[PDB]
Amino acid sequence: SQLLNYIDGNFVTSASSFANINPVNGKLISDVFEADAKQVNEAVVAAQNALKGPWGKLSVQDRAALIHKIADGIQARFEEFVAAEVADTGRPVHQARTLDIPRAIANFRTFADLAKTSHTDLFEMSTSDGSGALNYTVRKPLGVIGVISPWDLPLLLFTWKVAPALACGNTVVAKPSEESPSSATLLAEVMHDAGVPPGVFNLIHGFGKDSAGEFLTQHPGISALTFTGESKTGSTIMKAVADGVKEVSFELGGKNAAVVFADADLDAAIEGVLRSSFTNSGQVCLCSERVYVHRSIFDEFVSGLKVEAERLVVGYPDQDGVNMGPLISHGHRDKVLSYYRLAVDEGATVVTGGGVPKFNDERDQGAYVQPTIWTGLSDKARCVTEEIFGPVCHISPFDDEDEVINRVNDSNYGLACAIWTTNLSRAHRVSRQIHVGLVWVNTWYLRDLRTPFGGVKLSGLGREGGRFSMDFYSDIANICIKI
């Protein structure tokens, strides 16, 4: 099985390839042609040229219709996409069928719709001579959008950037994660089959440093680099595009907290924190790795969660009742297990998990770990401050509202937070004081694609979603007419 680049309307190989490994069993699923500097350039130039082609001449209605045909094209091959995401990542088949693929289809449809309904502004003004003037704004394509995406929700996060870039009439050069290159390749087939003009969408495979990713960010032909990944990678990219003063949008790491107040519906909160800690084996940026529970309910909470966690089925993506699959890679398991050990050395009490499960089959050749819960660590422990990106949470008691607010906020990260309380005043009062981009109250990972989405501090720069995407992926130009 092979995954090729898609450049100027053609699938092409490269002088080098790398292995794509199924993390369920460590088996080789495909070879992936790594694009080189020359190929990246060819992609960017083709995207620049595609801006003056038929793509640039499409009305907003016609463009939106073609974007819906991309969406239709994915729906037509729905189960192939599901198989592709599962293979790369080992995620449960039910998760891919209900979350990953549907949300990616929704990204195209929503931004196609937004593009059709969006408008701009008119400002009337007085002048010295009494005749006045008119200022109006227009949205134009920004140009070539470089897209660099992670492996946690591969197609979803890929299409989260590609859909509005295309909806705004831009062209795209996109580099998916080396760990999850398959669904992105299928998408390039859908684009091609949908008749998306050559050069409008370009897919380059490869790595970051000294590979396609780096090359893309250094290429002077792009107009913007939108990125989702590690905070340190974002800082690196920001330096790379600095001489070109490229527009940037970064969605970076988090060490997200959940907070359970004494008046929470305890069962729902336990359920809630279970989902937020262990979904996708805790490999979601929005996962809660720190949890604060009111002292009066702390023991009862940790008990209930231990039970639920131990009922979780860790196995095959298609196994009956499965809840967790493997981590994305062996290298990633190494770093995660390394934190498991670091936690012990730091004084943690291992409430559950803290190692790898035993299968006595091919899965032992995979990259599984157990859902883990810690207690007993201090606020300054590395395991409570640094992002692990595994199925783990530490639970800590608290006593006062203002105290826990301060403790949640005592982070260099600021992506998201979940609060559990049944009290009206408390919900709104506490929520507004959490220094993050997204707060959920009595739920987790509910996403409305119209809302602004982003993080504060090291967790990012800018907002995307709804009008914020329509703004970022466009040139906003002001035209002033003297009358």
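Quick note: we count residues from 1 along the sequence shown, nothing fancier.
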- Could you check the entry and say whether 114-122 or 70-78 has the higher mean CA B-factor? 70-78
- Query: When the C-alpha temperature factors are averaged for each of 375-383 and 407-415, which stretch ends up with the higher value in the entry?
  - Reply: 375-383
- From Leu225, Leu142, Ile270, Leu337, which pick has the Cα B-factor that tops the rest in the entry? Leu337
- Item | Deposited CA B-factor, highest of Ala37, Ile434, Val441, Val60 | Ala37
- Item | Position of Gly454 among the chain's modelled residues by C-alpha B-factor, lowest, middle or highest third | middle
- Once the chain's modelled residues are ordered by C-alpha B factor and cut into thirds, is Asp402 in the lowest, middle or highest one? lowest
- Could you tell me which third, lowest, middle or highest, the C-alpha B-factor of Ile148 occupies within its chain? lowest
- In terms of the CA temperature factor given in the entry, to which third of its chain does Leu28 belong: lowest, middle or highest? highest
- Based on the entry's values, in what third of the chain does the Cα temperature factor of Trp160 lie: lowest, middle or highest? lowest
